[PDB]
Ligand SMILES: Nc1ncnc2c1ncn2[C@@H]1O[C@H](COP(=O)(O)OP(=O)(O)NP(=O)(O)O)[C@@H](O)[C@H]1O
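Single chain ahead, by itself, as structure tokens, in the form solved without this ligand.
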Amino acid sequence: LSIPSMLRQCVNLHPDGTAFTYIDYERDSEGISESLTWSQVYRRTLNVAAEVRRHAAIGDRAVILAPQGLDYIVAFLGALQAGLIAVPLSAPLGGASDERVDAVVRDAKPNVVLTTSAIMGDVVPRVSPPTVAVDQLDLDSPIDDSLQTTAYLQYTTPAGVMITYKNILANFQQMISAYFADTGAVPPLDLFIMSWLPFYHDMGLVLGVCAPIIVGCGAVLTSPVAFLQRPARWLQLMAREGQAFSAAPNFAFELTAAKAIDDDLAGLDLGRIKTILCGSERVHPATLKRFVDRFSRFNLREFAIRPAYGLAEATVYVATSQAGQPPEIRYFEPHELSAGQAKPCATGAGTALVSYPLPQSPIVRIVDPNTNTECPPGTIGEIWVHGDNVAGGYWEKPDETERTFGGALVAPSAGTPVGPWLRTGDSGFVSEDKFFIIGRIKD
């Protein structure tokens, strides 16, 4: 039913199984691991929940301003355990990033701020609500109020996407069914999650923090700076024992192919990697090819690479490639694409695009954004999305909610709901029964 309840079940079933392992490379370029079992992380979460209840009531917002690490995870889970609506943000980094933080805090109006003692002095100016240094609590002392609906707000004029447990669970059902379709929607026994994505991004939170609990497997986590410093670390950590499930944007596939150092890869066997999602940015076929052409020499399988389309307003996932096959690439004439039409062209020529199966859940339609009517196959329009993973709106923003989540189709085709539809702002088309993403409709 909810993340707190599923964490409790993880403890009941496998209290001594390793849940989260965080690798810090600041003090040793080989990495220092710190791990928690399910029982350890649950205890820490209960201790955070007890603290936050002293400051905030059920349904209040709890902003999280903490560096990447285990304290972030227990702050987020502890907020949920106490029935608070968590608001995951980044540590204060300066510049625009700090004015984003200030604007989110004024929008979400939190009654508690969860942080760490190391950055406490940087956090206090950014927030009167009590500020709790999570690492200074007695997190491992021996020791519910959760909601069943709204879990957290995902910001990314600040508009906080309201994400419910129903949204999360529906999106995980959709993801597990699509990613693992070739094994009957059953993940392998030795799956593990590996992520360096920041927890204040949708994919980093959903994969790094939520998925271990919902799927019931351990996670191996590090920070984005550790990856950027030495990109081979991503491959080293995915090559740990078991079948890794990871994710990154297109730029990081390119950077790893271009900058991972061969000697850091010596002896790695990438042939057990289950899935590497490529998502949150337009997926470039040329980048996927450079990545697989290099890392197939270490046994990476091309069917492990899964382009993934989505957005925070849909929790995270909308569509992905067919399980058990490498990405399908199709080619289209560029002059016609600029004119709004998809015209196939010879393999390799024109514009290469990833071809996605139309998802069975959620559903996708290509819609003319000025007439609210579905486009014929081949005509470019806005991608509209419908399904139980689609959020119910932006926090305390009725008007922006109507504009973004209130799409309504004129004369919908058979089997297509009138609405409400999430208007993604993304442009795309359907061609030969496959789905394609081009860009943004504003363009």
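Sequential numbering from 1, following the sequence displayed.
This protein has a second form, the form solved in complex with this ligand, left out of what is shown; the following refers to that one.
When this ligand is considered in the deposited complex, only one residue from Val87, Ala151, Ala82, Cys278 comes within 4.5 Å through any heavy atom, namely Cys278.
Contact annotation: of the candidates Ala304, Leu137, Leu237, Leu311, the single residue with a non-hydrogen atom within 4.5 angstroms of this ligand in the deposited complex is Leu311.
In summary, the region of this chain contacting this ligand in the deposited complex, judged by heavy atoms within 4.5 Å and restricted to 335-343, 71-79, 198-206, 286-294, corresponds to 198-206. Among residues of the shown chain, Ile437 is one whose heavy atoms approach this ligand to within 4.5 Å in the deposited complex. In the deposited complex, this ligand sits beyond 4.5 Å of every heavy atom of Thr21. Using a 4.5 angstroms threshold between heavy atoms, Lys166 stays clear of this ligand in the deposited complex. This ligand is not shown here, and in the deposited complex it never comes within 4.5 Å of any heavy atom of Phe253. Applying a 4.5 Å heavy atom cutoff to this ligand in the deposited complex picks out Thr424 as the lone residue from 405-425.
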